[PDB]
Amino acid sequence: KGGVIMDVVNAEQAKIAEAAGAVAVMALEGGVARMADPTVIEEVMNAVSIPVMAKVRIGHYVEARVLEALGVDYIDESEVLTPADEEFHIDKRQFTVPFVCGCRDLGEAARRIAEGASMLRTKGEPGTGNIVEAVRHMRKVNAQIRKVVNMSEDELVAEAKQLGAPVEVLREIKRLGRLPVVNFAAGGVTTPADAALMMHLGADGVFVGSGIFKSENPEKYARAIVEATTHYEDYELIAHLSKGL
Amino acid sequence: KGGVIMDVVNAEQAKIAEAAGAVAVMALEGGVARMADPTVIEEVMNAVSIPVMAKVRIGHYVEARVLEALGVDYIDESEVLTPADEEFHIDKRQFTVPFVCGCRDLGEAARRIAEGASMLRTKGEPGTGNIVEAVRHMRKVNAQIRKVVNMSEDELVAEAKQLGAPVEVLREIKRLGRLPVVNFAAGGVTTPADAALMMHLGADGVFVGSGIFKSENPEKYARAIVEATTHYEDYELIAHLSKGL
Amino acid sequence: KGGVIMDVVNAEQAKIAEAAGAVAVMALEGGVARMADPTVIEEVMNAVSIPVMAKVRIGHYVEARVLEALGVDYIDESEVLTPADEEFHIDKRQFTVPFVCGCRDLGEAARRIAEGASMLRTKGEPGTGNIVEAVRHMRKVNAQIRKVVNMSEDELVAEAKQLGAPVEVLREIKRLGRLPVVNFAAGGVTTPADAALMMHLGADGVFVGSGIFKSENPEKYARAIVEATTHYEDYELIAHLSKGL
Amino acid sequence: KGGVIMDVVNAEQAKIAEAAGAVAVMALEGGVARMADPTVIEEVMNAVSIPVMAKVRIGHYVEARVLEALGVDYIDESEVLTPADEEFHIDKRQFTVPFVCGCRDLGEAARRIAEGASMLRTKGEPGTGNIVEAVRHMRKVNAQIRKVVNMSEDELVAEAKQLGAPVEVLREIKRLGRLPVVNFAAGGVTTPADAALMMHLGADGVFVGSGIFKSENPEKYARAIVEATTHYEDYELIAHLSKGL
Amino acid sequence: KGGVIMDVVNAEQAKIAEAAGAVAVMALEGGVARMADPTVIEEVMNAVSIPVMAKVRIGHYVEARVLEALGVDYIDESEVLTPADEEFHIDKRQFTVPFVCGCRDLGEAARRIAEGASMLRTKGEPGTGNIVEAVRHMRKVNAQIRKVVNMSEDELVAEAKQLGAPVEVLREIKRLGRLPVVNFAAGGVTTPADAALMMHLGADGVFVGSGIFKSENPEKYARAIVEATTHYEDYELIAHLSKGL
């Protein structure tokens, strides 16, 4: 627990991610942002042994089935791609391949899960290098979990109504003490301190973007995030990793 | 199917109800309207072989355990009694005695079912002799059910959010082609034509009030309601039953 | 835990209360509602050995010193009397005699405690025989307590701000896992089931009003409430205590 | 310090007030409420040796000069009479006879003083037997005094602006630590505890109304107020005086 | 009392600050503004013997642990960095290293103290060379302190509510007659007169920014500010220190 998933655009970057100890890679391709070209997905697939993920536009059922047929390990039904369906998410229950979805609060989390999400992440604010929204979303979802875990049983139906959440998801949360799926922080995680902060806030792990490869030394920067995420209470070690970019 | 349940206040009324063909009786007592006196409930229980129901205030957990312990067959957690809890209904799952609840729409119905209701009824507008609200509720609920039954499966999570309904309950409705519990019309049902109309609109049956016994010949009037609810497409009989009160 | 406090207007009522097992009595006596005549309070003090409470107007510092000087065991700074100070409550920390105070939510509770309150009760809706408001307040305070006990420590300062609560009281709640004072349900508690219900919602006991003595047999009634409040999960007992009015 | 002034309507009542130790009497006469008939003022004047006051309508310059010519000791420019001038108070600086005026806050106090008031009182809420407004006004004026006494000197001009107060009055207040005139509580003071409460709140004394003579024993009731006002921290004695009406 | 803290970007500047008599240095280094590179902070720690401060993003718990682990003497949880958590500040009570925090009013100050802050400063308007905001905040905090010191004890609970302040911090202020921590002016302090002015408004000292080193003679300038801040009523001295820019 406490893994790092890393956005990669080619073979080279994928190998650097696996070598630095990333638990998975996310293969990436007002223009329209669609599912990545097959050859990009299969070029990344052939570079590593750790799980390969890729993105589809929200609601894009057939994009997902294409990714599934291509043999991806995981599908991000991604708000950062251009939504295909602004009202209905993919019925992920129908897929053999697992999905991760974004969320900002427990209502949203519960709905994605009712749709069949196998994994969750914060939406954060990608491309900004700013964790403030990632923090907001993890704070909100976790504070709401803590409320649910400890509230009177008979108050759950009303709670679900107010949250716009499926009540059976709340009941399962209360039974387990946590979400029935893992929840990673994502969006703006830049520094070793950022990465450890998400773990401190209750994240199960962390997604990071292409900023790692904007670096002088992607290897060392990737390593620093992986170690800071793993050893997230070693403030002495974290203080060290924050040096020299 | 096409059962009638009658409001009764003493043994004599309970016997008339039963002899007339009612499938159950409901025993009944700025004033606060609470649980009936145990002696009234036992008096009615002693009078008939058919099931006896009684009412508790909404959210009044203990009033419901009292009635459960007194051996009633069914509890109506009822909006006509002064509500005890304005925010939370009784967690009816924790009871061995079955409960009936009122609703006005599919969201409301699903929430009551999620709380553990074993039976539903329209809220209607009791005391007026006016079926207009009962018709509205039965129309609304059944129209929303027909919509759910036929809707695209991938659209039910969004639909559940819009209704404030637990999606699992919507998914069961779709699976069964109808509500998982019987839904009776209740409120204002006065004439043989009223009772038959509620059946025409899709009720599983009908609750009627004390008006029967304000009548000149309550036996005849009770039989009329029972016969019309059963033979609800028999207009020639319903016409006959309407003559002479 | 499971105490009943009874409102009494004279010695006779006070002895009935003590003998039925009350843990204390509230000595009582549209115009202005002020502190009772001392005579009435002295008459009650002499009748019984259990603690005796009386009421003062909100913010009426001198009324409180008068009751203290008379030797009452507890002061209710009471909102059912005509407030004397609409901005500032009594600085109860300056008193050797303990105060009980009304509340509706945790922020209100927390401020009363910070003024010196030693005991709390719901404000409820006195005089109505209706528990709906008492239920709302108990439900609200306890839900917020549950939330506070279980929330991140570093979120308590923000929470106190939002609630209008002193954060030290909130930190003390988290530390104990409940309020640092006892909290009785008050307002409208009428039947054995109501008294039991309040305890089910997590009250520490119940205040009850003069309705007991409007009864055909106040001793049987007073006792029934005492038994209900203490054996609040004894459903079969409660059911029996409901009969014989 | 800590005197009681008493409203009287005749010789008899005036003598009872002096005999009970009142420091002064106020001679009293949608109808129009004007200055009292001379013969009422002179009948009260001839009954006692302690100062006699009487009321004029706000802004009624000539009423005041009549009272002055009749030889009253003090003039209340009284909001309880029907105002003669809704924009301009009497220029009391022009009178040899001293005036008391009402107030609800420091701005108002300062303005009345700039007009030449020799004494102030709270407006309270006369005729209600309710001290809540008297409390509000004394609280407000005294809290504002405490603010002024201790604030940076250079912030006084802006403070005067915000309060709508003459700055030289604020400066004089800051110099003295208090108002340059006495300030009595008035309106609704009913019980010995009320009277002592005003003294506790920082009043210089107390006005009381015709309620004293609504009593079984005006003598004893008057005495009780006078003693409670004088000995306002003797909670033992006050507790005693609160008995037997 | 009369300390100057200086913002420095390197060792050279840090030694200039120490030698001119600074009581501490703030080590510093549109995109995201995060905690400085440790290298920069280590370089400053080695240059001087006076206490060294650095900044973290608001709510950035891990950044604060990193600076603690590096051995800085003080942490500024700083609003001029890009906030990491917009709801919850760092629980500074959990730290052995002391924090300074910005504020604009007493309620804000009081909440920071209740989170653990050991020192305060005005937020001011950094970067502008304009003291108007620093003046507003110092003026506001001190005016409210003065008011709180001198107000009725029993009015503090209401006051805390209105201010959004924890009442325990307000009671502690009244007890001491000032803040339980020191409070420096920060933002726009440019000239000797500004530095002196802040002290005149009742600051405990002054933070100053990088403008010192934009000077033709930073040593003379740094020293002039140190002398102005400490001898803040020495008008003739201050006037001389204004010449020779």
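As written, the chains take the letters A, B, C, D and E, and residue 1 is the first residue of each chain.
One rule holds in what follows: contacts are C-beta pairs under 8 Å (C-beta built on N, C-alpha and C of every residue); 3 or more make two chains touch, one makes a residue touch a chain.
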item	value
Winner on C-beta contact pairs when A-B is weighed against B-C	B-C
Matching chain pair for D-E (criterion: over half of the contact pairs shared, by residue number), options C-E, A-C or A-E	A-C
Centroid spacing, where centroids are CA-atom means, of chain B and chain E in whole angstrom	69
CA centroid of chain B to CA centroid of chain C, Å	39
Centre distance in Å when chain A and chain B are each reduced to the mean of their C-alpha atoms	48
Interface hub residues of chain E, defined as touching at least two other chains	61, 87-88, 152, 155
Complex contact set, residues of chain D against chain E	139, 142-143, 146-147, 149-152, 155
Chain E residues touching chain A - in the complex, by the definition given at the top	31-32, 34-35, 37-39, 59-63, 65-70, 82-88
Interfacial residue positions of chain D with respect to chain C in the complex	128-132, 135-136, 139, 188, 190-191, 193-194, 196-197, 200, 232, 235-236, 238-240, 242-245
In the complex, chain B residues that touch chain A	61, 87-91, 111, 114-115, 153-155, 157-158, 160-161, 164, 166-168
